[PDB]
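Notes for the one structure printed next.
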Amino acid sequence: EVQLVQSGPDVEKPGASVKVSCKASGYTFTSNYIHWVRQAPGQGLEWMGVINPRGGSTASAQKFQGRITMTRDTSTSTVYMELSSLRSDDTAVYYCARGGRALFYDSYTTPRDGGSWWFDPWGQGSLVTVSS
Amino acid sequence: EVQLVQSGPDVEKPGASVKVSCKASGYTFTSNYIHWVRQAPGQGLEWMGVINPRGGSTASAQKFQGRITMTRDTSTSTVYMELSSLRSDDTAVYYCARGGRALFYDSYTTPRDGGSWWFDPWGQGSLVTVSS
Amino acid sequence: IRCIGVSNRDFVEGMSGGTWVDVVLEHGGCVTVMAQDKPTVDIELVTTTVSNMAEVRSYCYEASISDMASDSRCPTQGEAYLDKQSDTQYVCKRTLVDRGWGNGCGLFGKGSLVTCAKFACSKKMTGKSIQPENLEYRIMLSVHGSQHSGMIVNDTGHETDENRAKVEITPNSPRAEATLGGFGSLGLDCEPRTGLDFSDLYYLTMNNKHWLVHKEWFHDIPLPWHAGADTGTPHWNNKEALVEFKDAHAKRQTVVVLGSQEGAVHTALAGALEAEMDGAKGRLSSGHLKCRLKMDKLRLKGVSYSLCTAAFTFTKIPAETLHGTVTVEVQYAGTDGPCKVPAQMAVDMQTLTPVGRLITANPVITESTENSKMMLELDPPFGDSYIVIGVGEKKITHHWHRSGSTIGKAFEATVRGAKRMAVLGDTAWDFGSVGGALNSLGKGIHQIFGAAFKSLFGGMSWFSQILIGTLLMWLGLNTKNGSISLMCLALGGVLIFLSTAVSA
Amino acid sequence: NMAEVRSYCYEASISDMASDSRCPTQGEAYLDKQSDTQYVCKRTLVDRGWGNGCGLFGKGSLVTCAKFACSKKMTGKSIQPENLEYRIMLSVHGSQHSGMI
Amino acid sequence: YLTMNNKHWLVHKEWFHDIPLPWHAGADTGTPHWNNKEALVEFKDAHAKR
Amino acid sequence: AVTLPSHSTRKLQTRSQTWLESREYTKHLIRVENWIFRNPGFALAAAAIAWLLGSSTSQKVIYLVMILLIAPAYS
Amino acid sequence: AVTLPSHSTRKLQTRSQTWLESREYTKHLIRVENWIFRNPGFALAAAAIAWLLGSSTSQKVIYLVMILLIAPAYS
Amino acid sequence: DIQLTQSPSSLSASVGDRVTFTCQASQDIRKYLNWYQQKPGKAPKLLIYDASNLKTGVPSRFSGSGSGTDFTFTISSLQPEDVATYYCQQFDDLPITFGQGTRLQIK
Amino acid sequence: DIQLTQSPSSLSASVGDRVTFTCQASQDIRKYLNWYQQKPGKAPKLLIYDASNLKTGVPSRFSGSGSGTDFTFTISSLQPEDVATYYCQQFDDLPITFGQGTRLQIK
Ligand SMILES: *[C@@H]1O[C@H](CO)[C@@H](O)[C@H](O)[C@H]1NC(C)=O
Ligand SMILES: *[C@@H]1O[C@H](CO)[C@@H](O)[C@H](O)[C@H]1NC(C)=O
């Protein structure tokens with residue numbers, strides 16, 4: 001079925017960089033924008049950014065400019081998020097879900113939305129814990 | 001009756017070559033393509049190749065080009081398949097059966113099929129065992 | 001809808017004389033078809049596929065050479081020989097070398113020397129054949145109406161929708177009719193036989209890249225070929241191209257691997273068309289198709305509807321296309337059911353006197369009683385205009401102005417017809433519809449002239465054309481008779497023009 | 001003792017590609033990889049519409065900037081008359097055998 | 001001396017500087033800066049798809 | 001091994017871009033350009049040859065174009 | 001990528017055999033031969049062109065050779 | 001950046017109650033809002049796309065409305081498997097903002 | 001080289017049952033499939049040519065159907081002499097592929 005499956009939880013040191021995978025199943029991999037969204041335990045959701053699995057272009061929020069990098073792999077149908085310059089604030093749970101209206105390259109807002117705007121494929125999530 | 005009869009079982013050494021005969025009865029020998037089909041004991045059927053008893057032309061599968069050679073004998077109405085470079089994978093049972101619309105040569109794909117595509121003639125088969 | 005800003009769309013207005021419009025579909029563009037009634041349908045060609053293949057010759061490149069034998073004979077002791085020549089996997093040449101006491105045996109003089117090298121291949125083209133049967137053209141029918149921001153997105157239920165239909169034609173069963181529930185059923189008599197002059201084109205596989213080449217090209221390549229026998233030592237004929245036997249000044253003769261020629265064949269392929277594979281289906285992404293077109297069974301589905309009450313609101317900024325229409329996307333709150341869209345293109349608040357030619361004939365909302373979204377496509381006049389809906393208090397009115405005048409669109413259609421004659425000439429005359437002793441006779445004269453043109457000018461590259469065109473345009477100012485100079489100048493102008501329309 | 005003037009790479013190894021897609025009349029596109037010199041770029045223009053996620057029609061100016069790499073280059077080594085040698089041989093007729101020639 | 005793989009041949013220099021492939025001007029430490037990059041990898045656009 | 005069938009001899013003229021058309025429509029001209037940059041004296045030689053043929057003062061330029069496009073390609 | 005510097009432009013004339021000389025001294029002629037086999041109508045076209053230039057009956061053959069060796073190679 | 005205030009912070013009700021949630025954006029997001037319920041640490045349950053629409057597979061006890069900037073989510077009948085943290089999500093201008101959250105507790 | 005999947009791997013039924021076999025090719029083989037049953041190490045018994053046709057001499061309890069790529073073999077009444085290994089065979093493009101097999105057992 002249409003499903004995104006991530007890697008396991010990771011424990012990293014402050015100042016290092018973490019990499020979280022996001023593999024697709026059940027749909028054409030180059031047809032849905034993968035949005036990455038963090039969630040601290042004592043806080044709600046927060047949108048990290050967006051990659052297009054076609055062409056590998058990126059965009060992200062103002063709170064992560066220069067700290068996040070998103071790569072793709074069209075062969076294995078996988079999305080990699082590398083978060084660098086880790087702090088104790090980055091201990092969170094990271095999610096990735098698909099944005100229906102992936103025609104060309106990364107934006108597309110005034111055109112159509114909804115129907116797993118993103119909702120449905122994120123799966124199990126990835127706990128990332130930054131400590132010593 | 002319409003029948004193909006083969007030689008007995010053979011035991012050969014690895015690296016040698018085996019020859020299996022296939023003699024026809026009950027029909028015009030130059031009117032039906034002789035297909036050779038192997039069968040490992042722990043596996044299903046596998047098509048080795050095809051000879052035309054008219055004109056002696058050959059074709060075979062990709063897993064055996066260079067290893068198999070098929071000759072004819074129009075006088076004794078017999079088909080010889082010589083399998084060279086034997087290995088332990090070649091321990092199998094070999095079959096040879098017709099298939100009509102065998103007018104000129106080669107294969108005859110898009111014209112008609114069926115009616116012992118190659119079902120009928122097979123007879124007893126030939127066990128070929130490659131060991132020391 | 002499936003023809004929105006594709007920049008190679010051609011729409012035909014009118015099919016008069018018996019509801020029979022012929023069309024030249026191609027993968028590079030699409031055709032919008034409209035009339036007085038019988039709503040506007042977008043007809044395409046998307047994927048030319050070919051199913052079953054037949055292996056013509058195979059060409060090696062990367063040759064591995066070993067065992068290199070050699071044998072010489074004293075200068076009168078015959079021709080050279082070695083057992084390895086009876087193997088026919090090996091490459092052999094016989095040169096004349098010196099010989100003396102300081103060479104070995106002989107009287108003195110020149111004696112034969114053969115050297116022989118094993119020939120084994122690693123990379124090869126399969127070189128499959130295309131026959132004019134065996135293929136299926138996929139045609140997507142798309143009706144302007146109750147549909148919004150479509151053009152791809154969710155095709156499996158979009159095929160089940162009444163707006164779209166897929167039509168897989170083939171020369172086994174041409175002349176197919178697709179059901180559009182409520183709109184009617186559109187018929188089409190396509191000719192898949194005369195598409196690209198297949199059986200002159202071979203499909204060609206290098207590694208994962210795939211071309212369509214000419215057979216008169218593909219036979220003439222001097223590389224070692226295989227044929228069709230798929231048996232052991234593939235016996236590579238030639239095998240003399242890909243090696244080179246180089247001796248010393250007089251003495252010993254060595255072999256030379258000439259190496260992988262894969263990029264040189266890529267540079268030799270400057271002129272083929274790409275393709276792809278799906279399992280076994282050779283998917284061609286190019287090509288055209290002539291097709292008669294039965295618009296007999298089309299209903300408008302919305303003649304006996306009411307006009308929508310209010311809450312018109314259009315949402316997305318009417319968006320002029322390439323030359324085209326204005327494509328306005330509207331949203332209907334507060335509606336009751338399947339009511340028509342009142343829309344038009346008026347010059348001002350004077351009798352609203354509509355002068356538009358909207359192309360979306362009879363636009364119809366579904367019901368939704370809520371935010372349902374329509375596409376509309378309107379030609380406006382080339383001056384000032386207003387896109388107007390005509391129904392309601394503060395109905396919704398938007399201002400509009402074009403770019404260019406009527407004679408600019410005339411020159412633009414002239415160069416569109418010029419490209420229509422450049423690609424695919426001898427069936428450009430069957431893009432327009434009904435012709436009795438005008439279009440048929442023009443097509444016949446263009447058939448004779450284009451056949452003679454292709455017969456005497458083949459092997460014409462771009463730069464060749466330019467050279468010969470400039471040479472004949474110079475001769476057009478030369479000697480005499482005003483007729484052969486005129487034939488020469490016209491033919492040179494045709495050459496220069498067909499050179500410019502391809503690359504530009 | 002020869003030195004190496006210009007080489008040439010007769011194969012390529014492409015990857016990673018890149019992409020842009022700046023809707024028409026929304027400017028030129030960034031792609032940080034085109035700032036780095038391992039990547040190759042040819043900016044092209046693409047017609048767009050309501051399909052491709054754009055409000056306005058026209059050309060979009062994308063370029064996929066893919067990472068060039070090399071395998072099996074060819075070298076063009078240069079020589080001057082220095083560090084050169086001939087090894088000439090002298091073989092006076094005189095009196096020698098057949099096996100000594 | 002032009003060298004491709006274990007075989008070498010003499011080359012006139014004007015021919016050599018007239019080849020359009022990448023340049024690699026000095027030497028081979030690590031991966032170099034490849035110059036001119038356009039004889040090789042070729043990417044184009046048809047039907048406004050990718 | 002000289003893969004002499006340039007497929008531009010039998011190019012297909014369909015509405016898509018071809019295999020190497022963008023790099024094809026300049027290549028023969030810049031080959032002739034590099035050849036006449038490397039061999040400038042053959043211009044004066046071909047002028048002295050072509051001046052001896054035709055005696056028409058407009059056929060001279062035609063023979064110049066003929067020789068100076070033979071010499072890079074069919075040479 | 002069209003590796004236009006054919007080194008026959010700058011061949012070395014030394015007493016050994018060259019790199020591809022044995023396969024070099026036929027290749028342009030058999031390229032023209034294959035081209036005129038595949039495009040026979042351009043012979044009649046080039047005859048009609050070259051007959052209109054020169055008016056000398058021996059310059060006609062020269063223009064024939066010029067055009068029929070331009071058309072395979074620099075084309 | 002389009003600050004998206006979600007009222008209230010947390011609630012509690014018994015089984016079978018009607019409850020409403022408010023999300024107010026600082027700017028006009030006209031129909032571009034979405035609604036999540038997330039069970040803690042689990043794969044969530046689906047509520048609302050496009051601020052007024054249910055998805056297939058969702059039970060019909062959930063509904064959403066809202067026109068300008070104020071949006072009202074509504075559970076008609078509270079059930080013991082509807083305890084979750086409730087979020088709303090902007091879609092416009094793309095620093096895509098979520099609400100703070102709305103927790104429920106079974107009485 | 002068309003891959004021809006045969007479902008299922010093996011079966012068991014009592015005397016007088018109806019049983020169906022599925023063969024799916026990866027590509028279009030439209031009516032070019034046929035069916036074998038092979039008793040172990042013996043001269044076999046004939047089932048189906050051209051994916052829908054019986055041969056003379058075959059009892060009529062066997063039948064075959066299938067139009068595009070999915071093909072269904074059907075035994076109406078299982079008999080104790082119908083225990084064999086069941087194969088299906090492609091006809092098209094000539095790396096002629098057989099199925100893996102389908103064994104039966106008498107209950
Ligand atoms: C896209 O999918 C949604 C639901 O999956 C469907 O309602 C909609 O009609 C589709 N789009 C088109 C243009 O049909
Ligand atoms: C070659 O010369 C050596 C002396 O250096 C001698 O020992 C040997 O026998 C000679 N061989 C022949 C074949 O003359």
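FYI, nothing fancy with the structure tokens labels: chains A, B, ... in order, residues from 1 per chain, ligands from 1 as they appear.
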Nearby polymer residues, ligand 1, at most 12 Å, only C-alpha atoms and all ligand atoms, as a ChimeraX atom specification: /A:100-101,111-117 /C:1-2,142,146-164,372-375 /D:50-51 /H:49,53-56
Let's have the selection written as an mmCIF file, in the first residue's frame, with C-alpha atoms.
data_model
loop_
_atom_site.group_PDB
_atom_site.id
_atom_site.type_symbol
_atom_site.label_atom_id
_atom_site.label_comp_id
_atom_site.auth_asym_id
_atom_site.auth_seq_id
_atom_site.Cartn_x
_atom_site.Cartn_y
_atom_site.Cartn_z
ATOM 1 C CA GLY A 100 0.104 15.555 -3.588
ATOM 2 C CA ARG A 101 0.742 17.876 -6.551
ATOM 3 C CA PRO A 111 -2.434 24.941 -7.371
ATOM 4 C CA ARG A 112 -4.419 22.107 -5.774
ATOM 5 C CA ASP A 113 -3.877 20.492 -2.341
ATOM 6 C CA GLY A 114 -5.359 18.066 0.170
ATOM 7 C CA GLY A 115 -6.077 14.353 0.011
ATOM 8 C CA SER A 116 -3.093 13.424 2.188
ATOM 9 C CA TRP A 117 -2.021 17.064 1.930
ATOM 10 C CA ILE C 1 -7.952 20.109 -20.563
ATOM 11 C CA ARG C 2 -5.017 17.919 -21.708
ATOM 12 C CA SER C 142 -10.183 14.901 -23.500
ATOM 13 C CA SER C 146 -16.685 19.723 -16.047
ATOM 14 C CA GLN C 147 -12.987 19.382 -15.174
ATOM 15 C CA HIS C 148 -10.460 21.525 -13.324
ATOM 16 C CA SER C 149 -6.648 21.760 -13.391
ATOM 17 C CA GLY C 150 -6.302 18.294 -14.839
ATOM 18 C CA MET C 151 -3.919 17.515 -17.742
ATOM 19 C CA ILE C 152 -2.374 14.500 -15.911
ATOM 20 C CA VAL C 153 -2.919 14.065 -12.391
ATOM 21 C CA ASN C 154 -4.962 10.989 -11.304
ATOM 22 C CA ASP C 155 -5.487 9.066 -14.495
ATOM 23 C CA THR C 156 -7.131 5.772 -13.468
ATOM 24 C CA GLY C 157 -10.386 7.317 -12.256
ATOM 25 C CA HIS C 158 -9.845 10.161 -14.722
ATOM 26 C CA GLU C 159 -10.113 7.514 -17.438
ATOM 27 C CA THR C 160 -13.310 6.327 -15.739
ATOM 28 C CA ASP C 161 -14.562 9.929 -15.830
ATOM 29 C CA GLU C 162 -16.723 10.957 -18.763
ATOM 30 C CA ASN C 163 -14.227 13.642 -19.777
ATOM 31 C CA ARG C 164 -11.428 11.287 -20.851
ATOM 32 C CA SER C 372 -16.964 23.022 -7.576
ATOM 33 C CA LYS C 373 -14.290 24.245 -9.935
ATOM 34 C CA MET C 374 -14.495 24.782 -13.693
ATOM 35 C CA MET C 375 -12.010 25.553 -16.444
ATOM 36 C CA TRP D 50 -1.990 24.717 -15.112
ATOM 37 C CA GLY D 51 -0.669 21.174 -15.289
ATOM 38 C CA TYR H 49 -8.273 17.969 4.415
ATOM 39 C CA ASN H 53 -13.698 17.659 3.654
ATOM 40 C CA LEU H 54 -13.537 14.151 5.057
ATOM 41 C CA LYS H 55 -11.337 11.453 3.565
ATOM 42 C CA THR H 56 -12.462 7.938 2.648
#
Test item: residues lying within 12 Å of ligand 2 with only C-alpha atoms and all ligand atoms, as number ranges by chain: C: 102, 104; D: 96-101
In region 14-69 of chain F, DSSP helix (DSSP H, G or I) residues written as a ChimeraX atom specification: /F:21-24,27-38,41-50,59-69
Long-range neighbours of region 126-130 of chain A as a list in words, 7 Å cut-off, only C-alpha atoms, 4 positions minimum in chain: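 Counting only the stated atoms, we get residues 6, 7, 8, 9, 10, 11, 12, 13, 14, 86, 87, 88, 90, 91, 92, 93, 94 and 95 of chain A.
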Would you mind exporting C-alpha atoms of the selected residues as a PDB file, in the first residue's frame?
ATOM      1  CA  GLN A   6      11.701   5.367   8.054  1.00  0.00           C
ATOM      2  CA  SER A   7      14.876   4.272   9.798  1.00  0.00           C
ATOM      3  CA  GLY A   8      15.204   3.466  13.478  1.00  0.00           C
ATOM      4  CA  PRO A   9      15.911   5.863  16.339  1.00  0.00           C
ATOM      5  CA  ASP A  10      19.363   7.415  16.518  1.00  0.00           C
ATOM      6  CA  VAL A  11      21.507   8.812  19.320  1.00  0.00           C
ATOM      7  CA  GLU A  12      24.034  11.429  18.250  1.00  0.00           C
ATOM      8  CA  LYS A  13      26.454  13.849  19.866  1.00  0.00           C
ATOM      9  CA  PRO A  14      25.990  17.640  19.838  1.00  0.00           C
ATOM     10  CA  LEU A  86      23.026  19.266  16.187  1.00  0.00           C
ATOM     11  CA  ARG A  87      21.979  20.775  19.500  1.00  0.00           C
ATOM     12  CA  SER A  88      20.099  19.637  22.591  1.00  0.00           C
ATOM     13  CA  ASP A  90      17.122  18.850  18.159  1.00  0.00           C
ATOM     14  CA  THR A  91      16.084  15.913  20.354  1.00  0.00           C
ATOM     15  CA  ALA A  92      12.760  15.209  18.674  1.00  0.00           C
ATOM     16  CA  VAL A  93      10.809  12.813  16.464  1.00  0.00           C
ATOM     17  CA  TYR A  94      11.114  13.359  12.723  1.00  0.00           C
ATOM     18  CA  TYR A  95       8.418  12.550  10.171  1.00  0.00           C
TER      19      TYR A  95
END
Mind listing as a JSON list (two decimals) with N, CA and C atoms, in the first residue's frame which residues of chain A are within 12 Å of chain H, counting only C-alpha atoms?
[["chain", "number", "residue", "atom", "x", "y", "z"],
["A", 3, "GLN", "N", 2.81, 3.92, 1.41],
["A", 3, "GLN", "CA", 3.39, 3.97, 2.74],
["A", 3, "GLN", "C", 4.83, 4.46, 2.67],
["A", 4, "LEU", "N", 5.17, 5.34, 3.61],
["A", 4, "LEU", "CA", 6.54, 5.76, 3.83],
["A", 4, "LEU", "C", 7.05, 5.13, 5.12],
["A", 5, "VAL", "N", 8.24, 4.54, 5.05],
["A", 5, "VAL", "CA", 8.84, 3.78, 6.14],
["A", 5, "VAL", "C", 10.20, 4.39, 6.44],
["A", 35, "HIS", "N", 7.80, 15.89, 2.55],
["A", 35, "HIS", "CA", 7.93, 16.93, 3.55],
["A", 35, "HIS", "C", 8.45, 16.30, 4.83],
["A", 36, "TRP", "N", 9.44, 16.95, 5.42],
["A", 36, "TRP", "CA", 9.99, 16.56, 6.71],
["A", 36, "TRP", "C", 9.47, 17.51, 7.77],
["A", 37, "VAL", "N", 8.97, 16.93, 8.86],
["A", 37, "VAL", "CA", 8.31, 17.65, 9.95],
["A", 37, "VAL", "C", 8.83, 17.11, 11.28],
["A", 38, "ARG", "N", 9.37, 17.98, 12.12],
["A", 38, "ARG", "CA", 9.87, 17.58, 13.43],
["A", 38, "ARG", "C", 8.77, 17.68, 14.47],
["A", 39, "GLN", "N", 9.01, 17.07, 15.63],
["A", 39, "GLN", "CA", 8.12, 17.19, 16.78],
["A", 39, "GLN", "C", 8.93, 16.97, 18.05],
["A", 40, "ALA", "N", 9.14, 18.03, 18.82],
["A", 40, "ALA", "CA", 9.70, 17.87, 20.15],
["A", 40, "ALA", "C", 8.67, 17.18, 21.05],
["A", 41, "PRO", "N", 9.12, 16.46, 22.08],
["A", 41, "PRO", "CA", 8.15, 15.81, 22.98],
["A", 41, "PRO", "C", 7.28, 16.78, 23.76],
["A", 42, "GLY", "N", 7.83, 17.91, 24.17],
["A", 42, "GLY", "CA", 7.07, 18.89, 24.92],
["A", 42, "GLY", "C", 6.52, 20.01, 24.06],
["A", 43, "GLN", "N", 6.31, 19.73, 22.77],
["A", 43, "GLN", "CA", 5.87, 20.74, 21.82],
["A", 43, "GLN", "C", 5.06, 20.03, 20.73],
["A", 44, "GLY", "N", 4.35, 20.81, 19.92],
["A", 44, "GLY", "CA", 3.60, 20.28, 18.80],
["A", 44, "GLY", "C", 4.47, 19.98, 17.59],
["A", 45, "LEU", "N", 3.85, 19.99, 16.42],
["A", 45, "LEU", "CA", 4.56, 19.72, 15.18],
["A", 45, "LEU", "C", 5.22, 20.99, 14.66],
["A", 46, "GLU", "N", 6.25, 20.81, 13.84],
["A", 46, "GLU", "CA", 6.97, 21.91, 13.22],
["A", 46, "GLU", "C", 7.54, 21.43, 11.89],
["A", 47, "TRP", "N", 7.22, 22.14, 10.82],
["A", 47, "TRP", "CA", 7.64, 21.74, 9.49],
["A", 47, "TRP", "C", 9.12, 22.06, 9.28],
["A", 48, "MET", "N", 9.91, 21.03, 8.99],
["A", 48, "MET", "CA", 11.34, 21.24, 8.74],
["A", 48, "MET", "C", 11.54, 21.69, 7.30],
["A", 49, "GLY", "N", 11.08, 20.90, 6.34],
["A", 49, "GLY", "CA", 11.27, 21.29, 4.96],
["A", 49, "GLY", "C", 10.63, 20.35, 3.97],
["A", 50, "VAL", "N", 11.08, 20.45, 2.73],
["A", 50, "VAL", "CA", 10.48, 19.76, 1.60],
["A", 50, "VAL", "C", 11.57, 19.40, 0.59],
["A", 59, "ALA", "N", 13.76, 22.80, -0.19],
["A", 59, "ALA", "CA", 13.43, 24.06, 0.46],
["A", 59, "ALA", "C", 13.18, 23.73, 1.92],
["A", 60, "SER", "N", 13.32, 24.73, 2.79],
["A", 60, "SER", "CA", 13.09, 24.48, 4.20],
["A", 60, "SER", "C", 12.74, 25.76, 4.93],
["A", 61, "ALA", "N", 12.56, 25.63, 6.24],
["A", 61, "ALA", "CA", 12.09, 26.73, 7.07],
["A", 61, "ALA", "C", 13.22, 27.70, 7.39],
["A", 62, "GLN", "N", 12.85, 28.83, 7.99],
["A", 62, "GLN", "CA", 13.82, 29.86, 8.34],
["A", 62, "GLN", "C", 14.65, 29.45, 9.55],
["A", 63, "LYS", "N", 14.11, 28.56, 10.38],
["A", 63, "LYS", "CA", 14.82, 28.15, 11.59],
["A", 63, "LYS", "C", 15.92, 27.14, 11.31],
["A", 64, "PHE", "N", 16.04, 26.66, 10.08],
["A", 64, "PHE", "CA", 17.02, 25.65, 9.72],
["A", 64, "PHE", "C", 17.89, 26.01, 8.53],
["A", 92, "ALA", "N", 14.14, 15.13, 19.14],
["A", 92, "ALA", "CA", 12.76, 15.21, 18.67],
["A", 92, "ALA", "C", 12.41, 13.91, 17.96],
["A", 93, "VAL", "N", 11.24, 13.90, 17.33],
["A", 93, "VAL", "CA", 10.81, 12.81, 16.46],
["A", 93, "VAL", "C", 10.55, 13.41, 15.09],
["A", 94, "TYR", "N", 11.15, 12.81, 14.07],
["A", 94, "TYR", "CA", 11.11, 13.36, 12.72],
["A", 94, "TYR", "C", 10.19, 12.51, 11.86],
["A", 95, "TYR", "N", 9.43, 13.19, 11.00],
["A", 95, "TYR", "CA", 8.42, 12.55, 10.17],
["A", 95, "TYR", "C", 8.62, 13.01, 8.74],
["A", 97, "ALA", "N", 6.23, 12.94, 5.01],
["A", 97, "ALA", "CA", 4.94, 12.56, 4.42],
["A", 97, "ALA", "C", 4.80, 13.30, 3.10],
["A", 99, "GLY", "N", 3.43, 15.11, -0.52],
["A", 99, "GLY", "CA", 2.57, 16.23, -0.83],
["A", 99, "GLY", "C", 1.98, 16.19, -2.19],
["A", 100, "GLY", "N", 0.77, 15.67, -2.30],
["A", 100, "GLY", "CA", 0.10, 15.56, -3.59],
["A", 100, "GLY", "C", -0.23, 16.73, -4.48],
["A", 106, "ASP", "N", 9.68, 21.56, -6.88],
["A", 106, "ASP", "CA", 9.45, 22.05, -5.49],
["A", 106, "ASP", "C", 8.97, 23.42, -5.05],
["A", 107, "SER", "N", 7.65, 23.53, -4.92],
["A", 107, "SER", "CA", 6.91, 24.72, -4.49],
["A", 107, "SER", "C", 5.46, 24.28, -4.54],
["A", 108, "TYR", "N", 4.78, 24.72, -5.59],
["A", 108, "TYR", "CA", 3.39, 24.41, -5.91],
["A", 108, "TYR", "C", 2.38, 24.53, -4.78],
["A", 109, "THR", "N", 1.92, 25.76, -4.57],
["A", 109, "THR", "CA", 0.99, 26.08, -3.50],
["A", 109, "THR", "C", -0.37, 26.61, -3.97],
["A", 110, "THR", "N", -0.34, 27.58, -4.89],
["A", 110, "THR", "CA", -1.58, 28.16, -5.44],
["A", 110, "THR", "C", -2.35, 27.12, -6.26],
["A", 111, "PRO", "N", -1.71, 26.17, -7.01],
["A", 111, "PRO", "CA", -2.43, 24.94, -7.37],
["A", 111, "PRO", "C", -2.90, 24.03, -6.24],
["A", 112, "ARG", "N", -3.53, 22.93, -6.62],
["A", 112, "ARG", "CA", -4.42, 22.11, -5.77],
["A", 112, "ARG", "C", -3.71, 21.51, -4.56],
["A", 113, "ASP", "N", -4.45, 21.10, -3.53],
["A", 113, "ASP", "CA", -3.88, 20.49, -2.34],
["A", 113, "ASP", "C", -4.82, 19.46, -1.74],
["A", 114, "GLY", "N", -4.48, 18.96, -0.56],
["A", 114, "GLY", "CA", -5.36, 18.07, 0.17],
["A", 114, "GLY", "C", -5.34, 16.64, -0.32],
["A", 115, "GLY", "N", -6.13, 15.77, 0.31],
["A", 115, "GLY", "CA", -6.08, 14.35, 0.01],
["A", 115, "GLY", "C", -4.72, 13.78, 0.34],
["A", 116, "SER", "N", -4.44, 13.60, 1.64],
["A", 116, "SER", "CA", -3.09, 13.42, 2.19],
["A", 116, "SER", "C", -2.21, 14.59, 1.75],
["A", 117, "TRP", "N", -2.57, 15.76, 2.27],
["A", 117, "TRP", "CA", -2.02, 17.06, 1.93],
["A", 117, "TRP", "C", -0.51, 17.21, 2.15],
["A", 118, "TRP", "N", 0.00, 16.89, 3.35],
["A", 118, "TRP", "CA", 0.39, 15.55, 3.76],
["A", 118, "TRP", "C", -0.41, 15.03, 4.95],
["A", 119, "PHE", "N", -0.97, 13.82, 4.82],
["A", 119, "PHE", "CA", -1.27, 13.08, 6.04],
["A", 119, "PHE", "C", -0.64, 11.69, 6.07],
["A", 120, "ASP", "N", -0.99, 10.85, 5.09],
["A", 120, "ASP", "CA", -1.11, 9.43, 5.37],
["A", 120, "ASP", "C", 0.22, 8.69, 5.41],
["A", 121, "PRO", "N", 1.12, 8.78, 4.43],
["A", 121, "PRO", "CA", 2.33, 7.98, 4.55],
["A", 121, "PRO", "C", 3.41, 8.64, 5.41],
["A", 122, "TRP", "N", 3.44, 8.41, 6.72],
["A", 122, "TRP", "CA", 4.72, 8.67, 7.37],
["A", 122, "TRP", "C", 5.21, 7.47, 8.16],
["A", 123, "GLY", "N", 4.31, 6.70, 8.74],
["A", 123, "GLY", "CA", 4.68, 5.37, 9.22],
["A", 123, "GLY", "C", 4.97, 5.35, 10.70],
["A", 124, "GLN", "N", 6.24, 5.12, 11.03],
["A", 124, "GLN", "CA", 6.62, 4.95, 12.42],
["A", 124, "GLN", "C", 7.38, 6.14, 12.98],
["A", 125, "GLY", "N", 7.94, 7.00, 12.13],
["A", 125, "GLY", "CA", 8.68, 8.15, 12.62],
["A", 125, "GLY", "C", 10.08, 7.79, 13.06],
["A", 126, "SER", "N", 10.91, 8.78, 13.36],
["A", 126, "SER", "CA", 12.28, 8.50, 13.77],
["A", 126, "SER", "C", 12.64, 9.35, 14.97],
["A", 127, "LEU", "N", 12.83, 8.70, 16.11],
["A", 127, "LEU", "CA", 13.33, 9.40, 17.29],
["A", 127, "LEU", "C", 14.80, 9.72, 17.11]]
